[PDB]
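Raw contents of final31.pdb, PDB, C-alpha atoms and all ligand atoms:
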```pdb
ATOM      1  CA  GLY A 393     -17.372  -5.602  10.960
ATOM      2  CA  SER A 394     -17.417  -1.999   9.696
ATOM      3  CA  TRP A 395     -13.810  -2.809   8.603
ATOM      4  CA  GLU A 396     -14.646  -6.309   7.423
ATOM      5  CA  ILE A 397     -14.968  -7.499   3.897
ATOM      6  CA  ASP A 398     -16.399 -10.870   2.961
ATOM      7  CA  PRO A 399     -13.912 -12.592   0.652
ATOM      8  CA  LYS A 400     -16.914 -14.177  -1.186
ATOM      9  CA  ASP A 401     -17.572 -10.720  -2.531
ATOM     10  CA  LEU A 402     -14.078 -10.628  -4.150
ATOM     11  CA  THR A 403     -13.236 -11.749  -7.693
ATOM     12  CA  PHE A 404      -9.520 -12.204  -8.419
ATOM     13  CA  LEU A 405      -8.576 -11.255 -12.010
ATOM     14  CA  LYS A 406      -4.868 -10.360 -12.492
ATOM     15  CA  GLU A 407      -1.593 -10.148 -10.495
ATOM     16  CA  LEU A 408      -0.018  -6.731  -9.803
ATOM     17  CA  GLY A 409       3.282  -7.425  -7.888
ATOM     18  CA  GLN A 412       8.082 -10.188   1.340
ATOM     19  CA  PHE A 413       4.661  -8.811   2.483
ATOM     20  CA  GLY A 414       2.859 -11.050  -0.061
ATOM     21  CA  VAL A 415       0.987 -10.689  -3.385
ATOM     22  CA  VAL A 416      -1.288  -7.995  -4.766
ATOM     23  CA  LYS A 417      -4.057  -8.741  -7.176
ATOM     24  CA  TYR A 418      -6.488  -6.713  -9.170
ATOM     25  CA  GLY A 419     -10.093  -7.677  -8.763
ATOM     26  CA  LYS A 420     -13.723  -6.693  -8.562
ATOM     27  CA  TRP A 421     -15.910  -6.225  -5.497
ATOM     28  CA  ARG A 422     -19.420  -7.543  -6.054
ATOM     29  CA  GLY A 423     -18.481  -8.215  -9.779
ATOM     30  CA  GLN A 424     -18.624  -4.423 -10.181
ATOM     31  CA  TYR A 425     -16.007  -2.273  -8.344
ATOM     32  CA  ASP A 426     -12.263  -2.212  -9.151
ATOM     33  CA  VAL A 427     -10.028  -3.030  -6.155
ATOM     34  CA  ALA A 428      -6.524  -4.201  -5.339
ATOM     35  CA  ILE A 429      -6.106  -7.190  -3.009
ATOM     36  CA  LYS A 430      -2.991  -7.667  -1.030
ATOM     37  CA  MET A 431      -2.837 -11.151   0.376
ATOM     38  CA  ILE A 432      -0.657 -11.263   3.429
ATOM     39  CA  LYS A 433       1.827 -14.138   3.359
ATOM     40  CA  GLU A 434       1.020 -16.445   6.332
ATOM     41  CA  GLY A 435       3.354 -15.826   9.315
ATOM     42  CA  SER A 436       4.828 -12.544   7.984
ATOM     43  CA  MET A 437       2.777 -10.107  10.028
ATOM     44  CA  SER A 438       1.472  -9.386  13.532
ATOM     45  CA  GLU A 439      -2.110  -9.934  12.461
ATOM     46  CA  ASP A 440      -4.044  -9.164  15.626
ATOM     47  CA  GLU A 441      -2.247  -5.914  16.226
ATOM     48  CA  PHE A 442      -2.704  -5.062  12.582
ATOM     49  CA  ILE A 443      -6.413  -5.802  12.787
ATOM     50  CA  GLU A 444      -6.856  -3.360  15.698
ATOM     51  CA  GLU A 445      -4.897  -0.644  13.851
ATOM     52  CA  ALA A 446      -6.986  -1.174  10.719
ATOM     53  CA  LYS A 447      -9.823   0.392  12.682
ATOM     54  CA  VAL A 448      -7.878   3.639  13.051
ATOM     55  CA  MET A 449      -6.618   3.461   9.456
ATOM     56  CA  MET A 450     -10.226   3.022   8.275
ATOM     57  CA  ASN A 451     -10.934   6.493   9.628
ATOM     58  CA  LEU A 452      -8.051   8.088   7.688
ATOM     59  CA  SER A 453      -9.421   9.708   4.623
ATOM     60  CA  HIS A 454      -7.680  11.895   2.058
ATOM     61  CA  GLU A 455      -7.643  12.279  -1.726
ATOM     62  CA  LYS A 456      -3.853  11.698  -1.790
ATOM     63  CA  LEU A 457      -3.864   8.701   0.536
ATOM     64  CA  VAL A 458      -4.606   5.290  -0.887
ATOM     65  CA  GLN A 459      -8.188   4.474   0.317
ATOM     66  CA  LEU A 460      -8.449   1.345   2.375
ATOM     67  CA  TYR A 461     -11.800  -0.408   1.773
ATOM     68  CA  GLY A 462     -11.333  -3.075   4.433
ATOM     69  CA  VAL A 463      -9.687  -6.310   5.486
ATOM     70  CA  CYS A 464     -10.556  -9.985   5.378
ATOM     71  CA  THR A 465      -9.924 -11.292   8.902
ATOM     72  CA  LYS A 466     -10.943 -14.725   9.974
ATOM     73  CA  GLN A 467      -8.855 -16.072   7.151
ATOM     74  CA  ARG A 468      -5.319 -17.248   6.407
ATOM     75  CA  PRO A 469      -3.774 -15.155   5.088
ATOM     76  CA  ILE A 470      -5.545 -11.849   5.854
ATOM     77  CA  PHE A 471      -6.535  -9.668   2.903
ATOM     78  CA  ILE A 472      -6.156  -5.931   2.688
ATOM     79  CA  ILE A 473      -8.490  -4.256   0.200
ATOM     80  CA  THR A 474      -7.756  -0.818  -1.334
ATOM     81  CA  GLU A 475      -8.663   1.295  -4.317
ATOM     82  CA  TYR A 476      -6.966   0.189  -7.527
ATOM     83  CA  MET A 477      -4.056   2.306  -8.661
ATOM     84  CA  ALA A 478      -3.660   1.590 -12.392
ATOM     85  CA  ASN A 479      -0.097   2.901 -12.917
ATOM     86  CA  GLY A 480       1.330   0.930 -10.012
ATOM     87  CA  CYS A 481       4.237   1.936  -7.825
ATOM     88  CA  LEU A 482       5.778   5.344  -8.147
ATOM     89  CA  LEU A 483       9.327   4.061  -8.201
ATOM     90  CA  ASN A 484       8.711   1.972 -11.355
ATOM     91  CA  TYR A 485       6.697   4.757 -12.932
ATOM     92  CA  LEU A 486       9.580   7.196 -12.440
ATOM     93  CA  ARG A 487      11.988   4.771 -13.993
ATOM     94  CA  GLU A 488      10.071   4.425 -17.281
ATOM     95  CA  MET A 489      11.970   6.882 -19.455
ATOM     96  CA  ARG A 490       9.133   6.985 -22.042
ATOM     97  CA  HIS A 491       7.080   9.392 -19.910
ATOM     98  CA  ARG A 492       9.507  12.176 -20.571
ATOM     99  CA  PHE A 493       8.283  14.125 -17.553
ATOM    100  CA  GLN A 494       8.326  17.825 -17.366
ATOM    101  CA  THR A 495       9.636  19.212 -14.158
ATOM    102  CA  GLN A 496       6.150  20.659 -13.431
ATOM    103  CA  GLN A 497       4.874  17.041 -13.406
ATOM    104  CA  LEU A 498       7.665  16.005 -10.996
ATOM    105  CA  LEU A 499       6.802  18.924  -8.681
ATOM    106  CA  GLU A 500       3.087  17.907  -8.719
ATOM    107  CA  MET A 501       4.116  14.421  -7.650
ATOM    108  CA  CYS A 502       5.965  16.006  -4.678
ATOM    109  CA  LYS A 503       2.943  18.070  -3.858
ATOM    110  CA  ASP A 504       0.467  15.074  -3.951
ATOM    111  CA  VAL A 505       2.706  13.258  -1.406
ATOM    112  CA  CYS A 506       3.177  16.357   0.723
ATOM    113  CA  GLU A 507      -0.613  16.877   0.932
ATOM    114  CA  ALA A 508      -1.038  13.256   2.116
ATOM    115  CA  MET A 509       1.826  13.678   4.658
ATOM    116  CA  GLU A 510       0.379  16.970   5.885
ATOM    117  CA  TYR A 511      -2.903  15.192   6.574
ATOM    118  CA  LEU A 512      -1.180  12.308   8.371
ATOM    119  CA  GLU A 513       0.762  14.856  10.438
ATOM    120  CA  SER A 514      -2.469  16.688  11.308
ATOM    121  CA  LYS A 515      -3.806  13.364  12.614
ATOM    122  CA  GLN A 516      -0.560  12.634  14.494
ATOM    123  CA  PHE A 517      -0.078   9.457  12.388
ATOM    124  CA  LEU A 518       3.513   8.568  11.440
ATOM    125  CA  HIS A 519       4.161   6.902   8.186
ATOM    126  CA  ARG A 520       7.505   5.411   9.261
ATOM    127  CA  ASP A 521       8.561   4.042   5.783
ATOM    128  CA  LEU A 522       7.914   6.807   3.302
ATOM    129  CA  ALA A 523       9.743   6.212   0.041
ATOM    130  CA  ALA A 524       8.836   6.145  -3.674
ATOM    131  CA  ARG A 525       8.478   2.269  -3.422
ATOM    132  CA  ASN A 526       5.530   2.819  -1.102
ATOM    133  CA  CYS A 527       3.661   5.398  -3.240
ATOM    134  CA  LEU A 528       1.234   4.451  -5.990
ATOM    135  CA  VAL A 529      -0.028   6.105  -9.142
ATOM    136  CA  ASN A 530      -3.568   6.104 -10.464
ATOM    137  CA  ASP A 531      -4.923   6.219 -13.987
ATOM    138  CA  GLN A 532      -4.851  10.039 -13.997
ATOM    139  CA  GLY A 533      -1.236  10.168 -12.929
ATOM    140  CA  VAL A 534      -2.125  11.177  -9.345
ATOM    141  CA  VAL A 535       0.425   9.978  -6.740
ATOM    142  CA  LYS A 536      -0.910   8.672  -3.477
ATOM    143  CA  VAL A 537       0.787   7.498  -0.295
ATOM    144  CA  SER A 538       0.455   3.877   0.525
ATOM    145  CA  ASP A 539       1.393   1.374   3.260
ATOM    146  CA  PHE A 540       1.103   4.003   5.864
ATOM    147  CA  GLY A 541       2.062   2.697   9.390
ATOM    148  CA  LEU A 542       2.403  -0.910   8.081
ATOM    149  CA  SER A 543       6.046  -1.501   9.018
ATOM    150  CA  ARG A 544       4.949  -1.689  12.705
ATOM    151  CA  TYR A 545       3.391  -5.123  12.074
ATOM    152  CA  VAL A 546       6.075  -6.854   9.999
ATOM    153  CA  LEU A 547       7.708  -9.682  12.045
ATOM    154  CA  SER A 557      19.729  -5.675   6.728
ATOM    155  CA  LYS A 558      16.362  -4.859   5.066
ATOM    156  CA  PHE A 559      15.816  -1.589   7.073
ATOM    157  CA  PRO A 560      15.206   1.774   5.174
ATOM    158  CA  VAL A 561      18.657   3.155   5.947
ATOM    159  CA  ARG A 562      18.723   5.425   2.883
ATOM    160  CA  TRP A 563      15.576   7.201   3.985
ATOM    161  CA  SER A 564      16.517   7.573   7.702
ATOM    162  CA  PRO A 565      17.866  10.625   9.553
ATOM    163  CA  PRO A 566      20.921  10.383  11.870
ATOM    164  CA  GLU A 567      18.884  10.126  15.118
ATOM    165  CA  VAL A 568      17.062   7.088  13.700
ATOM    166  CA  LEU A 569      20.246   5.413  12.522
ATOM    167  CA  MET A 570      22.053   6.101  15.815
ATOM    168  CA  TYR A 571      19.286   5.945  18.429
ATOM    169  CA  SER A 572      15.980   4.717  16.895
ATOM    170  CA  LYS A 573      14.360   8.026  17.546
ATOM    171  CA  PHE A 574      11.291   8.082  15.255
ATOM    172  CA  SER A 575       9.155  11.307  15.106
ATOM    173  CA  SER A 576       7.354  13.472  12.637
ATOM    174  CA  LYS A 577      10.783  14.749  11.802
ATOM    175  CA  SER A 578      11.986  11.332  10.621
ATOM    176  CA  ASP A 579       9.086  11.323   8.156
ATOM    177  CA  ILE A 580      10.174  14.807   7.039
ATOM    178  CA  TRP A 581      13.679  13.451   6.358
ATOM    179  CA  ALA A 582      12.321  10.568   4.365
ATOM    180  CA  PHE A 583      10.162  13.003   2.363
ATOM    181  CA  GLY A 584      13.197  15.019   1.332
ATOM    182  CA  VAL A 585      14.777  11.753   0.105
ATOM    183  CA  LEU A 586      11.538  10.912  -1.795
ATOM    184  CA  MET A 587      11.756  14.374  -3.566
ATOM    185  CA  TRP A 588      15.272  13.380  -4.511
ATOM    186  CA  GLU A 589      14.049  10.083  -5.916
ATOM    187  CA  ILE A 590      11.489  11.850  -8.035
ATOM    188  CA  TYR A 591      13.846  14.498  -9.401
ATOM    189  CA  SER A 592      16.385  11.780 -10.116
ATOM    190  CA  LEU A 593      13.746   9.740 -11.998
ATOM    191  CA  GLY A 594      13.999   6.886  -9.578
ATOM    192  CA  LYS A 595      17.687   6.465  -8.889
ATOM    193  CA  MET A 596      18.561   4.678  -5.641
ATOM    194  CA  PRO A 597      19.616   7.268  -3.056
ATOM    195  CA  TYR A 598      23.420   7.130  -2.377
ATOM    196  CA  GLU A 599      23.617   4.987  -5.473
ATOM    197  CA  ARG A 600      27.297   4.110  -5.170
ATOM    198  CA  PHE A 601      27.228   3.274  -1.431
ATOM    199  CA  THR A 602      26.089   0.308   0.639
ATOM    200  CA  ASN A 603      23.696   0.889   3.511
ATOM    201  CA  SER A 604      26.652   0.718   5.852
ATOM    202  CA  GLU A 605      28.621   3.403   4.045
ATOM    203  CA  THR A 606      25.507   5.573   3.700
ATOM    204  CA  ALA A 607      25.043   5.596   7.532
ATOM    205  CA  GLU A 608      28.717   6.534   8.083
ATOM    206  CA  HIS A 609      28.542   9.250   5.457
ATOM    207  CA  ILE A 610      25.324  10.726   6.860
ATOM    208  CA  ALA A 611      26.981  10.946  10.268
ATOM    209  CA  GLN A 612      29.929  12.807   8.756
ATOM    210  CA  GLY A 613      27.499  15.381   7.217
ATOM    211  CA  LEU A 614      27.288  14.087   3.638
ATOM    212  CA  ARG A 615      24.003  14.893   1.853
ATOM    213  CA  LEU A 616      22.427  13.790  -1.417
ATOM    214  CA  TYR A 617      23.537  15.998  -4.352
ATOM    215  CA  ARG A 618      21.166  18.181  -6.414
ATOM    216  CA  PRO A 619      19.610  16.171  -9.223
ATOM    217  CA  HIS A 620      20.041  17.919 -12.539
ATOM    218  CA  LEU A 621      16.279  18.265 -13.022
ATOM    219  CA  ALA A 622      15.868  20.104  -9.769
ATOM    220  CA  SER A 623      16.014  23.820  -9.764
ATOM    221  CA  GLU A 624      17.974  25.548  -7.069
ATOM    222  CA  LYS A 625      14.684  26.423  -5.333
ATOM    223  CA  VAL A 626      13.439  22.829  -5.479
ATOM    224  CA  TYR A 627      16.834  21.668  -4.034
ATOM    225  CA  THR A 628      16.477  24.114  -1.109
ATOM    226  CA  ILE A 629      13.245  22.411  -0.247
ATOM    227  CA  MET A 630      14.485  18.844  -0.178
ATOM    228  CA  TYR A 631      17.695  20.011   1.493
ATOM    229  CA  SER A 632      15.777  21.698   4.340
ATOM    230  CA  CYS A 633      14.414  18.191   5.179
ATOM    231  CA  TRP A 634      17.937  17.030   6.044
ATOM    232  CA  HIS A 635      19.065  19.381   8.831
ATOM    233  CA  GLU A 636      21.200  17.540  11.340
ATOM    234  CA  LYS A 637      18.959  18.924  14.114
ATOM    235  CA  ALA A 638      15.474  17.432  13.881
ATOM    236  CA  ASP A 639      13.883  20.501  15.423
ATOM    237  CA  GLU A 640      15.219  22.619  12.616
ATOM    238  CA  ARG A 641      13.498  20.595   9.899
ATOM    239  CA  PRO A 642      10.240  22.096   8.580
ATOM    240  CA  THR A 643       6.726  20.576   9.052
ATOM    241  CA  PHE A 644       4.658  19.180   6.205
ATOM    242  CA  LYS A 645       2.533  22.305   6.342
ATOM    243  CA  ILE A 646       5.652  24.484   5.666
ATOM    244  CA  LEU A 647       6.901  22.111   2.978
ATOM    245  CA  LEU A 648       3.527  22.387   1.252
ATOM    246  CA  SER A 649       3.599  26.194   1.166
ATOM    247  CA  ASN A 650       7.159  26.105  -0.132
ATOM    248  CA  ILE A 651       6.202  23.635  -2.923
ATOM    249  CA  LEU A 652       3.226  25.876  -3.884
ATOM    250  CA  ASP A 653       5.495  28.957  -4.100
ATOM    251  CA  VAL A 654       7.836  27.170  -6.491
ATOM    252  CA  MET A 655       5.007  25.888  -8.641
ATOM    253  CA  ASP A 656       3.770  29.421  -8.973
ATOM    254  CA  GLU A 657       7.250  30.820  -9.699
ATOM    255  CA  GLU A 658       8.171  28.084 -12.192
ATOM    256  CA  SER A 659       4.812  27.971 -13.970
TER     257      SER A 659
HETATM  258  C1  LIG A 701       7.680  -0.481  -6.194
HETATM  259  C2  LIG A 701       7.587  -1.670  -5.607
HETATM  260  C3  LIG A 701       6.489  -2.608  -5.941
HETATM  261  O1  LIG A 701       6.602  -3.361  -6.907
HETATM  262  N1  LIG A 701       5.366  -2.651  -5.174
HETATM  263  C4  LIG A 701       4.283  -3.594  -5.463
HETATM  264  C5  LIG A 701       3.693  -4.082  -4.109
HETATM  265  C6  LIG A 701       2.433  -3.222  -3.932
HETATM  266  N2  LIG A 701       1.940  -3.268  -5.330
HETATM  267  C7  LIG A 701       0.708  -2.666  -5.583
HETATM  268  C8  LIG A 701       0.354  -2.289  -6.899
HETATM  269  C9  LIG A 701      -0.884  -1.745  -7.107
HETATM  270  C10 LIG A 701      -1.762  -1.585  -6.007
HETATM  271  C11 LIG A 701      -3.075  -0.943  -6.191
HETATM  272  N3  LIG A 701      -3.744  -0.362  -5.173
HETATM  273  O2  LIG A 701      -3.530  -0.870  -7.289
HETATM  274  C12 LIG A 701      -1.346  -2.007  -4.726
HETATM  275  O3  LIG A 701      -2.226  -1.871  -3.710
HETATM  276  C13 LIG A 701      -1.968  -2.004  -2.368
HETATM  277  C14 LIG A 701      -0.817  -1.488  -1.734
HETATM  278  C15 LIG A 701      -0.666  -1.676  -0.365
HETATM  279  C16 LIG A 701      -1.644  -2.327   0.397
HETATM  280  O4  LIG A 701      -1.516  -2.479   1.773
HETATM  281  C17 LIG A 701      -1.702  -1.345   2.548
HETATM  282  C18 LIG A 701      -1.216  -1.280   3.855
HETATM  283  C19 LIG A 701      -1.378  -0.111   4.615
HETATM  284  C20 LIG A 701      -2.033   0.994   4.050
HETATM  285  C21 LIG A 701      -2.523   0.948   2.737
HETATM  286  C22 LIG A 701      -2.355  -0.219   2.007
HETATM  287  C23 LIG A 701      -2.790  -2.821  -0.237
HETATM  288  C24 LIG A 701      -2.956  -2.659  -1.603
HETATM  289  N4  LIG A 701      -0.147  -2.548  -4.568
HETATM  290  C25 LIG A 701       3.086  -2.921  -6.200
END
```
Before anything else, please render the file you have as structure tokens.
Amino acid sequence: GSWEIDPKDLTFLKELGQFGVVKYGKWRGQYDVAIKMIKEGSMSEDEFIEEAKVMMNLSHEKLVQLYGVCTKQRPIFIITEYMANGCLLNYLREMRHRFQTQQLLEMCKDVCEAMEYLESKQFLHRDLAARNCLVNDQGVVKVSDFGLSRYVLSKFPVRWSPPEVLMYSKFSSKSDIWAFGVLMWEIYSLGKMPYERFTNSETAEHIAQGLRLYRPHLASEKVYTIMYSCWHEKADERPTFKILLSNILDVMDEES
């Protein structure tokens, strides 16, 4: 299989972190990889295997590169590039990095470039959040687990969902745009949980009454305008990822 990796070619070396376990390893004793082993029973494997073919064709510098899958096993393995600094959410929470706001904005831009590419290929992420982004050895943020929620068999991403998703299950590019605004908020808040005082239940009720996430102190007024634009009540009034990207570039230039 063009999408098919022989598990014999994989050496397991260290552990890295519901879906199952990830391990760091080498392919042909030579190439760094991460190996997510899918917990048996947790996933719709045949559907996933068909989708993997499409995912295999997705290629972008800011998207985590899939190398293949091990099918014909139990559990299946998903093989990607190794991202040394692990998940974005944890990275943000390590206060030792002492990020400059220019570094936070670059994280936003990395993700927005990935999401712009997905949007140009009509591919919906469907669970975009800092927990599902990864960070490489150079501090580059990349989008991970794209589309994966479709195959997983009170744990729903309420805090990253627009009102039409919460009320009617209307997913669209514009529900990814909402989630992206919430990811900018996570970044500027250095990894706080969105609506940090509320339960999921309260968050839904508050979103329906028009509540929005407050401006994190590290966000400039112009950066807040951007994430705020992602949360219009009317989906059609939210920007595209292409517009978000140009806005993020403008701010980078103005706040250089
Ligand atoms: C913040 C929460 C947390 O602890 N998350 C932990 C759980 C994932 N963990 C990691 C850590 C490092 C890596 C790494 N590449 O080096 C990693 O690789 C993955 C991630 C997803 C994946 O499956 C895919 C499905 C669809 C599209 C693309 C990939 C396959 C490999 N996963 C951290």
Kindly provide, as JSON, the centre and edge lengths (Å, one decimal) of an axis-aligned box around all atoms of ligand LIG 701 (chain A) given in the file, with 4 Å on each side.
```
{"center_x": 2.0, "center_y": -1.5, "center_z": -1.3, "size_x": 19.4, "size_y": 13.1, "size_z": 19.9}
```
Practice problem: Pull out every residue that the PyMOL selection byres (((chain A and resi 593) around 10) and not hetatm) matches in the shown coordinates and put them as a PyMOL selection string. | Solution: chain A and resi 482-489+492-493+498+587-592+594-596+619+621
Could you state which residues are captured by the PyMOL selection byres (((chain A and resi 575-580) around 8) and not hetatm) in this file, as a PDB file with C-alpha atoms, keeping the file's coordinate frame?
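selection.pdb was written with the following content:
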```
ATOM      1  CA  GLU A 513       0.762  14.856  10.438  1.00  0.00           C
ATOM      2  CA  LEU A 518       3.513   8.568  11.440  1.00  0.00           C
ATOM      3  CA  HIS A 519       4.161   6.902   8.186  1.00  0.00           C
ATOM      4  CA  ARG A 520       7.505   5.411   9.261  1.00  0.00           C
ATOM      5  CA  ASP A 521       8.561   4.042   5.783  1.00  0.00           C
ATOM      6  CA  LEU A 522       7.914   6.807   3.302  1.00  0.00           C
ATOM      7  CA  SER A 564      16.517   7.573   7.702  1.00  0.00           C
ATOM      8  CA  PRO A 565      17.866  10.625   9.553  1.00  0.00           C
ATOM      9  CA  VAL A 568      17.062   7.088  13.700  1.00  0.00           C
ATOM     10  CA  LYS A 573      14.360   8.026  17.546  1.00  0.00           C
ATOM     11  CA  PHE A 574      11.291   8.082  15.255  1.00  0.00           C
ATOM     12  CA  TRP A 581      13.679  13.451   6.358  1.00  0.00           C
ATOM     13  CA  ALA A 582      12.321  10.568   4.365  1.00  0.00           C
ATOM     14  CA  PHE A 583      10.162  13.003   2.363  1.00  0.00           C
ATOM     15  CA  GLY A 584      13.197  15.019   1.332  1.00  0.00           C
ATOM     16  CA  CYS A 633      14.414  18.191   5.179  1.00  0.00           C
ATOM     17  CA  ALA A 638      15.474  17.432  13.881  1.00  0.00           C
ATOM     18  CA  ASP A 639      13.883  20.501  15.423  1.00  0.00           C
ATOM     19  CA  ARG A 641      13.498  20.595   9.899  1.00  0.00           C
ATOM     20  CA  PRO A 642      10.240  22.096   8.580  1.00  0.00           C
ATOM     21  CA  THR A 643       6.726  20.576   9.052  1.00  0.00           C
ATOM     22  CA  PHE A 644       4.658  19.180   6.205  1.00  0.00           C
TER      23      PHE A 644
END
```
Kindly provide the residues of chain A that approach ligand LIG 701 (chain A) to within 6 Å, each paired with its closest atom pair and their distance in Å to one decimal, based on only C-alpha atoms and all ligand atoms, listed by chain and increasing number, as a Markdown table.
```
| residue | atom | partner | partner_atom | distance |
| --- | --- | --- | --- | --- |
| A:408 | CA | A:LIG701 | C8 | 5.3 |
| A:409 | CA | A:LIG701 | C4 | 4.6 |
| A:416 | CA | A:LIG701 | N4 | 5.6 |
| A:428 | CA | A:LIG701 | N3 | 4.7 |
| A:429 | CA | A:LIG701 | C24 | 5.7 |
| A:430 | CA | A:LIG701 | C23 | 4.9 |
| A:460 | CA | A:LIG701 | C21 | 6.0 |
| A:472 | CA | A:LIG701 | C23 | 5.4 |
| A:473 | CA | A:LIG701 | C23 | 5.9 |
| A:474 | CA | A:LIG701 | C24 | 5.1 |
| A:475 | CA | A:LIG701 | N3 | 5.3 |
| A:476 | CA | A:LIG701 | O2 | 3.6 |
| A:477 | CA | A:LIG701 | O2 | 3.5 |
| A:478 | CA | A:LIG701 | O2 | 5.7 |
| A:480 | CA | A:LIG701 | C9 | 4.5 |
| A:481 | CA | A:LIG701 | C1 | 4.5 |
| A:483 | CA | A:LIG701 | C1 | 5.2 |
| A:484 | CA | A:LIG701 | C1 | 5.8 |
| A:525 | CA | A:LIG701 | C1 | 4.0 |
| A:538 | CA | A:LIG701 | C21 | 4.7 |
| A:539 | CA | A:LIG701 | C19 | 3.4 |
| A:540 | CA | A:LIG701 | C20 | 4.7 |
| A:542 | CA | A:LIG701 | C19 | 5.2 |
```
Exercise. Pick out the residues sitting within 12 Å of residue 600 of chain A, and hand them over as number ranges by chain; count only C-alpha atoms, and ignore anything fewer than 6 positions along from it in its own chain.
Key: A: 562, 606, 609, 616
Quiz item: When you draw a straight line from atom CA of residue 537 of chain A to atom CA of residue 437 of chain A, how long is it in Å?
Solution: 20.5 Å
Quiz item: So how many Å separate atom CA of residue 647 of chain A and atom CA of residue 448 of chain A, to one decimal?
Solution: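 We find that atom CA of residue 647 of chain A and atom CA of residue 448 of chain A lie 25.7 Å from each other.
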Quiz prompt | Counting all atoms listed in the file, the residue of A:630, A:506, A:646, A:499 that sits nearest residue 457 of chain A | solution = A:506
Quiz item: At what distance in Å, to one decimal, does atom CA of residue 417 of chain A lie from atom CA of residue 431 of chain A?
Solution: 8.0 Å
Practice problem: Please write as a PyMOL selection string the full residue list that the PyMOL selection byres (((chain A and resi 651) around 12) and not hetatm) yields on this file. | Solution: chain A and resi 496+498-507+584+587+623+625-630+644-650+652-659
Quiz item: Pick from A:536, A:541, A:470, A:445: nearest to residue 458 of chain A, with all atoms listed in the file counted?
Solution: A:536
Quiz item: If we count only C-alpha atoms, what is near segment 395-400 of chain A at a cut-off of 6 Å, once residues fewer than 6 positions away on the same chain are taken out, given as a PyMOL selection string?
Solution: chain A and resi 462-464
Exercise. Using all atoms listed in the file, find the one residue out of A:530, A:632, A:514, A:497 that sits nearest to residue 459 of chain A.
Key: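 That would be A:530, the residue with the smallest distance to residue 459 of chain A.
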Quiz item: Between A:453, A:446, A:524, A:544, which one has atoms that come closest to residue 508 of chain A, using only C-alpha atoms?
Solution: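 That would be A:453, the residue with the smallest distance to residue 508 of chain A.
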Restore N, CA and C atoms in segment 578-591 of chain A and list the result as a PDB file, in the frame of the given file.
```
ATOM      1  N   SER A 578      11.370  12.396  11.384  1.00  0.00           N
ATOM      2  CA  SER A 578      11.986  11.332  10.621  1.00  0.00           C
ATOM      3  C   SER A 578      11.183  11.063   9.363  1.00  0.00           C
ATOM      4  N   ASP A 579       9.908  11.351   9.402  1.00  0.00           N
ATOM      5  CA  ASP A 579       9.086  11.323   8.156  1.00  0.00           C
ATOM      6  C   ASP A 579       9.493  12.484   7.222  1.00  0.00           C
ATOM      7  N   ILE A 580       9.732  13.670   7.801  1.00  0.00           N
ATOM      8  CA  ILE A 580      10.174  14.807   7.039  1.00  0.00           C
ATOM      9  C   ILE A 580      11.496  14.514   6.325  1.00  0.00           C
ATOM     10  N   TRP A 581      12.444  13.907   7.015  1.00  0.00           N
ATOM     11  CA  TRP A 581      13.679  13.451   6.358  1.00  0.00           C
ATOM     12  C   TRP A 581      13.435  12.539   5.162  1.00  0.00           C
ATOM     13  N   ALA A 582      12.613  11.558   5.371  1.00  0.00           N
ATOM     14  CA  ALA A 582      12.321  10.568   4.365  1.00  0.00           C
ATOM     15  C   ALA A 582      11.660  11.231   3.140  1.00  0.00           C
ATOM     16  N   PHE A 583      10.817  12.233   3.399  1.00  0.00           N
ATOM     17  CA  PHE A 583      10.162  13.003   2.363  1.00  0.00           C
ATOM     18  C   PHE A 583      11.158  13.742   1.486  1.00  0.00           C
ATOM     19  N   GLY A 584      12.150  14.380   2.098  1.00  0.00           N
ATOM     20  CA  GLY A 584      13.197  15.019   1.332  1.00  0.00           C
ATOM     21  C   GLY A 584      13.871  14.021   0.396  1.00  0.00           C
ATOM     22  N   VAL A 585      14.123  12.812   0.882  1.00  0.00           N
ATOM     23  CA  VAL A 585      14.777  11.753   0.105  1.00  0.00           C
ATOM     24  C   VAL A 585      13.806  11.295  -1.020  1.00  0.00           C
ATOM     25  N   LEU A 586      12.512  11.155  -0.729  1.00  0.00           N
ATOM     26  CA  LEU A 586      11.538  10.912  -1.795  1.00  0.00           C
ATOM     27  C   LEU A 586      11.551  12.019  -2.863  1.00  0.00           C
ATOM     28  N   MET A 587      11.589  13.326  -2.510  1.00  0.00           N
ATOM     29  CA  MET A 587      11.756  14.374  -3.566  1.00  0.00           C
ATOM     30  C   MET A 587      12.976  14.117  -4.417  1.00  0.00           C
ATOM     31  N   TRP A 588      14.034  13.614  -3.809  1.00  0.00           N
ATOM     32  CA  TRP A 588      15.272  13.380  -4.511  1.00  0.00           C
ATOM     33  C   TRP A 588      15.040  12.248  -5.479  1.00  0.00           C
ATOM     34  N   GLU A 589      14.339  11.210  -5.052  1.00  0.00           N
ATOM     35  CA  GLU A 589      14.049  10.083  -5.916  1.00  0.00           C
ATOM     36  C   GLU A 589      13.287  10.480  -7.182  1.00  0.00           C
ATOM     37  N   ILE A 590      12.291  11.299  -6.962  1.00  0.00           N
ATOM     38  CA  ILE A 590      11.489  11.850  -8.035  1.00  0.00           C
ATOM     39  C   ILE A 590      12.300  12.666  -9.015  1.00  0.00           C
ATOM     40  N   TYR A 591      13.021  13.682  -8.527  1.00  0.00           N
ATOM     41  CA  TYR A 591      13.846  14.498  -9.401  1.00  0.00           C
ATOM     42  C   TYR A 591      14.962  13.749 -10.057  1.00  0.00           C
TER      43      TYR A 591
END
```
